[PDB]
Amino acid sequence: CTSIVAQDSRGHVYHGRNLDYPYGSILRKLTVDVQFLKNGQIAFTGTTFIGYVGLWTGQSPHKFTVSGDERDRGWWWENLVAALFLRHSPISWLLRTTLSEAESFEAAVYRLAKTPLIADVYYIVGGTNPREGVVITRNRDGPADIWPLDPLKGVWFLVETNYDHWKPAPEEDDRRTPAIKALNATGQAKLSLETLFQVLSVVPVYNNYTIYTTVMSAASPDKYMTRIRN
């Protein structure tokens, strides 16, 4: 997977992701954008596959956007104990629960950072105000690291693939460098959902396992755009 939260020269936060998984011939037909209603009103939007009730990509309108990328999922007996004995949460279920209950970008980061989980994951969160962008590197019991936007320091985007950001990506699977390279060329001034979408369309960020690409901005919830790839 590849998730990107970035801020442009005007203080607007954009959030995009690529969902990479095999069986694309099957899942492309089952990809759906779902608007979850409360009292007849859109409470949040998500992208998923028919049959899968958790959300790996979603938006709470005018509050925050969130996506989740795979992290080293450890051994099945650790997850088993965490799931059945300790009653920890599935990753995509917490992501969707947060989109439903969290009242603000700040409250979402707290929930996504400290709620116990069955396995590790990367949670990427974007807000509706400048600097509201973090990558939560999650352990089962809490946050291993929180990685915030710092534009005044020159950090106007955060690129998460599937590896810890404080370490170099593997030589064999490096979608981070081409994503950064494509973002520097775009420029904080020309950042947009369209230019963001093109960053996610660069190879190998856009690879043969990419099923769909989503770009979103909690401040402009009507711009939520998912596209099936290949």
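Residue numbers here begin at 1 and follow the sequence given.
Problem set entry | Higher-scoring stretch by recorded Cα B factor average, 57-65 or 160-168 | It is 160-168.
Problem set entry | 209-217 or 7-15, whichever carries the higher mean Cα B-factor | Per the PDB record, 7-15.
For this session: Go through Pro204, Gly46, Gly51, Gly40 one by one and give the residue whose Cα B-factor in the PDB entry is largest.
Result: In this record, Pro204 carries the highest C-alpha B-factor of the candidates.
Exercise. Mind checking which third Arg73 falls in for C-alpha B-factor across the chain?
Worked result: As the PDB entry reports it, the C-alpha B-factor of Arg73 lands in the highest third of its chain.
For this session: Within this chain's modelled residues, let me know which third the CA B factor of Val34 belongs to: lowest, middle or highest.
Result: It belongs to the lowest third of the chain when residues are ordered by C-alpha B-factor.
For this session: Would you please rank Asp150 by its C-alpha temperature factor against the other modelled residues of its chain and give the third it falls in: lowest, middle or highest?
Result: Answer is highest: the recorded C-alpha B-factor places it there.
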